[PDB]
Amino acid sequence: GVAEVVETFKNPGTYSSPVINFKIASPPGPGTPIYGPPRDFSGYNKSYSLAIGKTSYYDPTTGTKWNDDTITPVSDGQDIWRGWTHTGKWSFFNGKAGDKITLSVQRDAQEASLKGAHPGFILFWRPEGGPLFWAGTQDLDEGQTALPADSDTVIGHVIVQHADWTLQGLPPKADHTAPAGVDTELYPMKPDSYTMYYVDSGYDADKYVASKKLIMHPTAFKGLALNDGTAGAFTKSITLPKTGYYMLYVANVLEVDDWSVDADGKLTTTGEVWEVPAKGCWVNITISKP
């Protein structure tokens, strides 16, 4: 591994390369929007707070699973539920090859004792070096010549958490470029495709109640479990493999007594750990150096 998941563009569609926003902080509602500052962690020792949806990270409500064909036995890599792109929250940073940093997500100071959050993340590298405008994708098909402020494209509405992610069949694009340094044999710049290269991912595996279980796959994400004895938080050391622009996705794993997905793919749970206030589930992402 890692697996590579290859999507086929379709607009309207799940894999329509929709735009994400780096300020939106309010929970999966509307609800009435809350926007904060853009979550740029460039320079590091930055920290931002925002709300994450109940099952966003490993999300049966997506009705979508993928499978990871790089796991032996392949049985162990199947029916991996996707995360939701838009009930997670997106951030970015610019950085340098070899940069040694530490990512921490934990319950927000003001929710410090409410049980619920089991944050996880995915970190991607975008060899294009910056936000990617692509005309004819979902939210850029109305004559736009640029991305809206504080926004960027991602492949689709339901995301893979342990794979390189490729979109193919895009409206032909003559200016799909990378900067001078990028090895375009390893990281090709296609007229009709782009890839989000996997960097790292993990989630908080510490339960609030040892008898309970996480809405999480039995085996496929074994390498991604993060255990530190503290429910509601994880920390992770990350060395940046490349110079340039990184895209960070953070979302939530839900703890339950039991859960089930019925024939019509409806999600049911019992005994949810979810003591979450009117304002929603708030976490704080900090990237520090070191």
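One rule holds for the numbers: they count along the sequence shown, beginning at 1.
Of the two stretches examined, 263-271 and 19-27, the record assigns the greater average C-alpha temperature factor to 263-271. The stretch 187-195 shows the higher mean C-alpha B-factor when 187-195 is compared against 124-132 in the entry. Among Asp79, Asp139, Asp152, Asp204, the highest C-alpha B-factor in the deposited entry belongs to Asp79. Between the residues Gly156, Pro171, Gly181, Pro148, the entry's highest C-alpha temperature factor is the one at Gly181. When all modelled residues of the chain are sorted by CA temperature factor, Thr166 is found within the middle third. Sorting the modelled residues of the chain by their CA temperature factor places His118 in the lowest third. Per-chain ranking of the deposited C-alpha B factor places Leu103 in the lowest third. When the CA B factors of the chain's modelled residues are split into thirds, the value for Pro37 lands in the middle one. Compared with the other modelled residues of the chain, the Cα B-factor recorded for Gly53 ranks in the lowest third.
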